[PDB]
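Q: sequence first, structure after, both from an experimental entry:
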Amino acid sequence: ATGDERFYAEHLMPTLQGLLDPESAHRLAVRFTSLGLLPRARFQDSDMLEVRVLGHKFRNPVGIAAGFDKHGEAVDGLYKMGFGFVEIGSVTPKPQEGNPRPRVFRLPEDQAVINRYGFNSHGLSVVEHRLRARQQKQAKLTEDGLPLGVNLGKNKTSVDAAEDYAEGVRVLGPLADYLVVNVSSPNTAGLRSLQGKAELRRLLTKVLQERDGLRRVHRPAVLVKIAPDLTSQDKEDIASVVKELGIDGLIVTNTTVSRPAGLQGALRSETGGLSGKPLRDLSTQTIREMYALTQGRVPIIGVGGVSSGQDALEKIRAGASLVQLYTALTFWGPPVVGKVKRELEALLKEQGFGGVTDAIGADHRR
Ligand SMILES: Cc1cc2nc3c(=O)[nH]c(=O)nc-3n(C[C@H](O)[C@H](O)[C@H](O)COP(=O)(O)O)c2cc1C
Ligand SMILES: CC(C)=CCC/C(C)=C/CC/C(C)=C/Cc1c(O)c(Cl)c(C)c(C=O)c1O
Ligand SMILES: O=C(O)c1cc(=O)[nH]c(=O)[nH]1
């Protein structure tokens, strides 16, 4: 509706993408966000958008997904952009470079991205100090309805995956409102095998024990982030383990290793995870499945191809309590956040929902 949305989407972003390679663009976006060089978002969040979940108030249900701010450099700039919550990461225990460049690719004709970053990470110690420098500022933000998530990965050469995640819980758990056990990156060999029943149960038991050993004020919720490429068996098993262990929530979904028929981008056959519009409905359907398998009792953060209020509401009605976006930001720029929120509010009113909370899982009750 606004002129700024139009200017960014039709002119500024496509022009700048024509000038800058994907990883240079990503780095500049992080820099510009971190320095607060963006104008403050003018959208005032209505009470209809507030969600209480995971032991926290969320001023609005639209978050920035993991992978944008991998190293916790731009958290305050992201809240300024109008995100209701920020997830940083993935962070690995030791610093690591990730894959050789180029490792990110735009598919403009599909409104999609393919990436194979491979968990490039400053490491736990660097991120720990970065978050400690603003820990009390974050405590106030959280109290004000603006929570922080930290997404944990594992190093390429580690000989004990569970210990990598445990180290992440110990080091960054005390600084996070929620932690994410990311077992769904398509870009680390053997990682997605940790989604299997026996491996997942053993990994999450260890993670939860570590979390429970933190002091009360420093004890985060623990969520598991899952792939969009799971078999029905895999999903049944994850739901079973989640309920057996009392895992606090799920993030649904990561990027897809599938390549849906109809992709037009020249770079469609690059190796990596596919994000954006072609992922959207695969993610929505995964949310729908996981909500049903967990009887609506396990909070879900829905992610994959959200670019509009309709996209957000579809995931909410399928069972998401909160949503995230990333790829839409890369195409449309900062005004997409306000756009999604304004559209979501309008649609909630049009469909007779009192607020976001009333719409969570609504399709299952039709
Ligand atoms: C360039 C890029 C880097 C990403 N890095 C991470 C990561 O480090 N950890 C993670 O859990 N997900 C990562 N993701 C996945 C996103 O968090 C999200 O699950 C996925 O992109 C679907 O959302 P979208 O379609 O709105 O981008 C990344 C995605 C992209 C496009
Ligand atoms: C996305 C954002 C906060 C933009 C602010 C305006 C700026 C500084 C734009 C210039 C850089 C640019 C064209 C970024 C778009 C872009 C990209 O084109 C791609 Cl490919 C990626 C992977 C990312 C990751 O964040 C990305 O942001
Ligand atoms: O670092 C990456 O390559 C990465 C991690 C992840 O979880 N998802 C993704 O698409 N890329």
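A: Right, received. Where do you want to start? Residues are numbered from 1 along each chain as shown. Ligands and ions are numbered 1, 2, ... in the order given.

Q: could you find the closest non-adjacent residue to the residue of the stretch 201-350 of the chain found nearest ligand 2?
A: In the stretch 201-350 of the chain, the residue found nearest to ligand 2 is residue 330; the distance is 3.8 Å by C-beta to the nearest ligand atom. Every C-beta, even on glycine, is put in place using the N, C-alpha and C of the backbone. Nearest residue to residue 330, sequence neighbours excluded (C-beta to C-beta, 6 or more residues apart in numbering): residue 113, at 6.3 Å.

Q: burial count for that neighbour?
A: For residue 113, the neighbour count with other C-beta atoms under 10 Å is 26.

Q: repeat for residue 209
A: Neighbourhood size, residue 209 [other C-beta under 10 Å]: 11.

Q: ok so it is a strand residue?
A: No: looking at residue 209 with DSSP: H, G, I helix; E, B strand; the rest coil, it is helix, so not inside a strand.

Q: so it versus ligand 1, what's the distance?
A: 22 Å (C-beta to the nearest ligand atom, to the nearest Å).

Q: how about the residues of the protein near ligand 3?
A: Residues of the chain lying close to ligand 3 (C-beta under 6 Å from any ligand atom) are 67, 90, 115-119, 182, 185, 187, 254-255, 273.

Q: list the residues that contact the most centrally placed residue in the chain.
A: Nearest to the geometric centre of the chain sits residue 65, at 2.6 Å (C-alpha atoms, centre = their mean). The contact partners of residue 65, taken as C-beta atoms under 8 Å, 6 or more residues apart in numbering, are 87, 303, 324-326.

Q: filter those down to the buried ones.
A: For those, a neighbour count by 16 or more other C-beta atoms under 10 Å gives the buried set as 87, 303, 324-326.

Q: just the helices from the chain, written as ranges.
A: If DSSP state H is used as the criterion, the helices of the chain fall at 3-6, 13-19, 22-34, 75-80, 124-132, 135-143, 161-172, 197-212, 232-245, 280-293, 309-318, 327-332, 335-350, 356-359.

Q: out of those, which is closest to residue 219?
A: Closest to residue 219 of these, according to C-beta to C-beta: helix 197-212, at 6.4 Å.

Q: which elements pack onto the closest one?
A: On a contact count with 3 or more C-beta pairs under 8 Å, 6 or more residues apart in numbering; DSSP states H and E, helix 197-212 meets helix 161-172, strand 178-182, strand 221-226, helix 232-245.

Q: closest to ligand 1 out of the ones you listed?
A: strand 178-182 (4.3 Å).

Q: roughly how far is stretch 282-301 from the heart of the chain?
A: The chain centre lies 15 Å from the centre of stretch 282-301; the measure is C-alpha atoms, centre = their mean, to the nearest Å.

Q: tell me if it is near ligand 1.
A: No: between stretch 282-301 and ligand 1, judged by C-beta under 6 Å from any ligand atom, nothing touches; the nearest distance is 6.8 Å.

Q: how about that stretch, which residues are buried there?
A: Within stretch 282-301, the residues that qualify as buried by neighbour count (16+ other C-beta under 10 Å) are 282-284, 286-291, 293-294, 298-301.

Q: same thing with stretch 133-149?
A: Applying 16+ other C-beta under 10 Å to stretch 133-149 flags 134, 138, 141-142, 145-149 as buried.

Q: burial check on residue 229, number of neighbours?
A: Counted by other C-beta under 10 Å, the residues lying close to residue 229 total 19.

Q: what does residue 40 give?
A: Quick note: residue 40 (other C-beta under 10 Å) scores 8 neighbours.

Q: with the one 3 residues further on instead?
A: The criterion is other C-beta under 10 Å. On that basis, residue 43 has 17 neighbouring residues.

Q: now swap in residue 251 and tell me
A: As a burial measure, residue 251 scores 29 neighbours (other C-beta under 10 Å).

Q: ok, it - contacts?
A: 180, 223-226, 300-301, 303, 324.

Q: identify the spatial nearest neighbour of it, chain neighbours not counted.
A: Going by C-beta to C-beta, 6+ apart, residue 251 has residue 225 as its nearest residue, at 3.9 Å.

Q: now do residue 220
A: Closest residue in space to residue 220, ignoring its immediate chain neighbours: residue 176 at 4.4 Å, by C-beta to C-beta, 6+ apart.

Q: got it, and residue 49?
A: For residue 49, the closest residue by C-beta to C-beta, 6+ apart turns out to be residue 60, at 4.1 Å.

Q: give me the number of residues near the one you found?
A: Residue 60 has 26 nearby residues by other C-beta under 10 Å.

Q: isn't it up against residue 79?
A: No: with contact defined as C-beta atoms under 8 Å, residue 60 does not count as touching residue 79 (10.8 Å).
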